[PDB]
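Participant:
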Amino acid sequence: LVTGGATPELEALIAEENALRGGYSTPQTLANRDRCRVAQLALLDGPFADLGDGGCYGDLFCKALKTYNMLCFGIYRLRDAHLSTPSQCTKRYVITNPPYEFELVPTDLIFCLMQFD
Amino acid sequence: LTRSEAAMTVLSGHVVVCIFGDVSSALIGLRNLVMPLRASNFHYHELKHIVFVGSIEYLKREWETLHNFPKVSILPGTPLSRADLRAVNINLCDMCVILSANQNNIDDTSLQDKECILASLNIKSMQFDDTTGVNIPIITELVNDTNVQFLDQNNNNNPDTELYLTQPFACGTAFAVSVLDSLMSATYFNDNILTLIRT
Amino acid sequence: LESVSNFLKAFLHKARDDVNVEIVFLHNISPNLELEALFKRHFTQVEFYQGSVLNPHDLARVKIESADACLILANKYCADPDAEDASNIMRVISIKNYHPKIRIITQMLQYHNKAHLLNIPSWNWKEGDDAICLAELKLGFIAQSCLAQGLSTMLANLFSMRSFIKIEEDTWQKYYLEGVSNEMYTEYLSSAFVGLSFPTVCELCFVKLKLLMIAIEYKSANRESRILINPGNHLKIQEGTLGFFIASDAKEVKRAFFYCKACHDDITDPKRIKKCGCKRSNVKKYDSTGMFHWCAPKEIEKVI
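Chains as they are written, first to last, in our numbering: chain A, 1083 to 1199; chain B, 41 to 239; chain C, 11 to 314.
#1: Of the choices C/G205, C/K148, C/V263, C/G242, whose alpha-carbon is the least far from that of C/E193?
#2: Quick one: any contact between the stretch 1098-1114 of chain A and the stretch 1149-1165 of chain A, if contact means 3 or more CB pairs under 8 Å?
#3: Consider the Cβ of C/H126: report whether some Cβ of chain B lies at a distance smaller than 8 Å.
#4: Is it buried or exposed, residue 9 of chain C, if we count other Cβ atoms within 10 angstroms and call 16 or more buried?
#5: At 3 residues or longer, what runs of the beta strand (DSSP E) sit wholly inside the stretch 56-109 of chain B?
#6: Have a look at the DSSP bridge pairing and note the partners of A/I1157.
#7: In chain order, what residues of the same chain have a beta carbon less than 6 Å from the beta carbon of C/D68, not counting five sequence neighbours either side?
#8: Contact check, A/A1124 vs A/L1191 under 8 Å by CB: the rounded distance?
#9: Give a yes or no on whether 8 Å exceeds the smallest Cβ distance from A/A1097 to chain B.
#10: Which residues, in order along the stretch 122-144 of chain B, keep a beta-carbon less than 7 Å from a beta-carbon of chain A?
#11: With distance defined between alpha-carbon atoms, name the residue in A/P1090, A/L1160, A/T1111 nearest to C/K294.
#12: Quick check on C/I82 - is its C-beta less than 8 Å from some C-beta in chain B?
#13: Taking the alpha carbon of A/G1087 as the point to measure from, which residue in A/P1109, A/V1120, A/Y1106 has its own alpha carbon closest?
#14: Specify, as a first and last residue, the run of the beta strand (DSSP E) that C/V204 falls within.
#15: Ordered along the chain, which non-local residues of its own chain (more than five positions away) have a Cβ less than 8 Å from that of B/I146?
#16: Give the straight-line distance between the Cα atoms of C/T116 and C/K86, rounded to the nearest whole angstrom.
#17: Using a C-beta cutoff of 8 Å, does B/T201 count as contacting chain C?
#18: Would you please verify whether the beta carbon of A/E1183 is less than 8 Å from any beta carbon of chain C?
#19: Would you mind working out which of B/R101, B/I96, B/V74, B/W103 sits nearest B/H89, comparing C-alpha positions?
#20: Answer yes or no: does any C-beta atom of chain C fall closer than 8 Å to that of B/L151?
#21: Would the beta-carbon of A/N1151 fall within 8 Å of that of C/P209?
#22: Listing by chain order, which chain A residues have their CB less than 8 Å from the CB of C/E309?
#23: Quickly, what does DSSP pair C/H37 with across the bridge? List them, please.
#24: Relative to chain B, which residues along the stretch 120-145 of chain C have a C-beta separation below 7 Å, given in chain order?
#25: Pairing CB atoms from the stretch 57-65 of chain B with CB atoms from the stretch 1124-1142 of chain A, are three or more of them under 8 Å?
#26: Mind listing the chain C neighbours of A/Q1170? Cutoff is C-beta to C-beta under 9 Å, in chain order.
#27: Evaluate contact between the stretch 223-233 of chain B and the stretch 195-209 of chain B, counting only Cβ atoms and requiring at least three cross-stretch pairs below 8 Å.
#28: CB-CB under 8 Å to C/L64, same chain, minus the five flanking residues each way: which ones, in chain order?
#29: Run through chain C and tell me which residues come within less than 8 Å of B/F190, C-beta to C-beta.
#30: Counting only beta-carbon separations shorter than 8 Å, does B/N194 have a partner in chain C?
#31: For the stretch 153-186 of chain B, which residues have a beta carbon sitting closer than 7 Å to at least one beta carbon of chain C?
#32: Quick check on the DSSP output: what are the complete alpha helix (DSSP H) runs of length 4 or more inside the stretch 141-221 of chain C, in order along the chain?
#33: So does the stretch 166-186 of chain C actually touch the stretch 239-255 of chain C, counting three or more Cβ pairs closer than 8 Å?
#34: Counting only runs of 3+ residues fully inside the stretch 89-120 of chain C, write out the beta strand (DSSP E) ranges in chain order.
#35: Taking all protein chains shown into account, do 16 or more other C-beta atoms lie within 10 angstroms of the C-beta of C/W182, making it buried, or fewer, making it exposed?
#36: So which residues on chain B does C/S258 lean against when the C-beta distance must stay under 7 Å?
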């Protein structure tokens, strides 16, 4: 998850010469590209703006998985989101694996694994 | 010699001396290694081309007593580098010497031979395309007898076996420095033993 | 004292259910008074002996031949990381020489020093031997946090054990604890899921079984087992595939292995669903592998 495609052949090639070796583009080379990257998506401006208006977490999880194949880890949510009083704080905390019946604040981000296009 | 230049030059049937030296490190007196290989008893074609792999800063210190020898080459680098050994054609060498230089450290007791064991296993684990790394003739200097048992990692032996019963010592792959103290004791018991050994 | 303190506070946390295992420390240095006191606090799970793993007799003393595993700690704050890494690798060599069939978890300061582990034929990754590369793992965590803020906290909460706390008042701590209550587990997928796409099996597992499926271990003959993170529509789950999930408890994970529909109803009742008996030009821009972006070498002065 953290290094990114830590295959043993990379280990061997780095071990042999203690440096990264550039390679010519091949269909196999471009094939090894296809992976998944960690990303944060904002609810307000994305296609799923409607599901940000208090929609359930599971509904948006299913919608992202069915169409875009996006696996949502959890919610990166404003610290003062539950505060009824206005607040200018921009610090956000992490909710890991939220339940299906989770209300979604419109100003929340989602951790996800975006596919390569 | 650079890596590319050493690769370009054909130097098969050579002797590789892999050393771990530094400006602060104490001199090991490499001349005493090159002199017996440069005896007049051999013909000129009999002489083996000697190539040093180690830090050039240390070789410059050691170079004063080495320039007067016929066929000696120096490849700056490190023994633990795989590419450096590839350039030297270490799979075609007559003998690869691992010297326990940088001896001035007294780190723990057996940790002094960390680099020698690492380099030995690194050479043994290599693969080559025209062979393996095991068939390469290697002589490694070790200061702790137990460390010798680490050389034959593939083979299993009892921890209680003596130094002389181990396969790396029996095959002559590992040179333990305790033999010098044994030689000192033998010389005490008989003055002629040292004279014969030196001659 | 610092390394032992950290290792004991992480290993011996109270929430651990596997409490039996006893830790035996082997070091040639006589502990200082504070370290003796720390050992005394955990006297009934922690024991100390003076010796070196380089010495075979000292290995025999601590009965390392019957030990479940050997953990090798690294001096993170050392002048030369290479020397410490070489010392740890040689300790690994000594332990393997005494007893080849033992699990070893060793910490490495520098990434490029892990290659020397390949030099040991008795070293086996598939058996369970692993290298905790401190620099690689830490900088990867920080980089993935640069991609997505808080992912490092997510993973740290995932693989660690934290004391259970209940917060009644409506504060961000409530949602944070509802998040941290989860842990990351792995289990073999049931035979019912064979042949489906990953999105279908992940959707079914999340909606019906309430398990958030992270990843799958892909098995092949020409290539060894490889981990795949969120496989797309194209890949299909084969037989006997390991799967990584995030679940609230370890008991909750088993519902994936025992799940079917040939015996399991359409009702979303995981208690009643789970059944013991069921169904029976030519410029190069990338590296050689192409897994990372690559560029022609540039001198340091150009980017100054």
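Ideal Cβ positions, reconstructed from N, Cα and C, are used throughout, including at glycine.
Facilitator: Walking through what the data contain:
#1: The option with the nearest alpha carbon to C/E193 is C/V263.
#2: Contact between the stretch 1098-1114 of chain A and the stretch 1149-1165 of chain A is absent, because fewer than three Cβ pairs lie under 8 Å.
#3: For C/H126, the nearest beta carbon of chain B is closer than 8 Å to its own beta carbon.
#4: Nothing about residue 9 of chain C can be reported from this structure: the residues present for chain C run from 11 to 314 only.
#5: If only uninterrupted beta strand (DSSP E) runs of at least 3 residues are considered, those enclosed by the stretch 56-109 of chain B are 90-94.
#6: Bridge partners of A/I1157: A/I1177, A/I1192.
#7: Closer than 6 Å at Cβ, skipping near neighbours: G61, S62.
#8: Contact holds; Cβ gap of about 5 Å.
#9: So yes, A/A1097 belongs to the interface.
#10: Taking 7 Å as the Cβ-Cβ cut-off against chain A, the residues of the stretch 122-144 of chain B that qualify are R122, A123.
#11: Answer by Cα proximity: A/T1111.
#12: C/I82 does not count as touching chain B.
#13: The candidate whose alpha carbon is nearest that of A/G1087 is A/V1120.
#14: Per DSSP, C/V204 lies in no beta strand (DSSP E) segment and is marked neither H nor E.
#15: Same-chain partners within the cutoff: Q152.
#16: C-alpha separation (whole angstroms): 13 Å.
#17: Taking 8 Å as the threshold, the shortest C-beta distance from B/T201 to chain C does not fall below it.
#18: With 8 Å as the cut-off, A/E1183 does not count as an interface residue toward chain C.
#19: Checking every option, the nearest Cα to that of B/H89 belongs to B/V74.
#20: Interface annotation, B/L151: in contact with chain C, CB-CB separation under 8 Å.
#21: Yes, the pair counts as a contact, with Cβ atoms nearer than the cut-off.
#22: The CB of C/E309 never comes closer than 8 Å to any CB in chain A; the least such distance is about 15 Å.
#23: According to DSSP, which records beta bridges pairwise, C/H37 is partnered with C/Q60.
#24: Those residues of the stretch 120-145 of chain C that come within reach of chain B (Cβ to Cβ, closer than 7 Å) are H126, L128, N129, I130, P131, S132.
#25: Segments in contact, no.
#26: None at all; the shortest Cβ gap to chain C is about 16 Å.
#27: Under the Cβ criterion (8 Å, minimum of three pairs), the stretch 223-233 of chain B does not count as touching the stretch 195-209 of chain B.
#28: For C/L64, the CB contacts under 8 Å within the same chain, skipping 5 residues up- and downstream, are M100, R101, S104 in chain order.
#29: Per Cβ cutoff of 8 Å: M100, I103, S104, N107.
#30: Residue contact with chain C for B/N194: present (Cβ-Cβ distance below 8 Å to some residue of chain C).
#31: Result list: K154, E155, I157, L158, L161, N162, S165, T186.
#32: Counting whole runs of 4 or more residues, the stretch 141-221 of chain C contains the alpha helix (DSSP H) stretches 144-157, 161-169, 182-190, 208-219.
#33: Contact between the stretch 166-186 of chain C and the stretch 239-255 of chain C is absent: fewer than 3 CB-CB pairs across the two stretches fall below 8 Å.
#34: Within the stretch 89-120 of chain C, the runs of beta strand (DSSP E) that reach at least 3 residues and sit entirely inside it are, in chain order, 113-118.
#35: It is buried - the Cβ of C/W182 has at least 16 other Cβ atoms within 10 Å.
#36: Here the premise fails: no neighbours, minimum Cβ distance about 45 Å.
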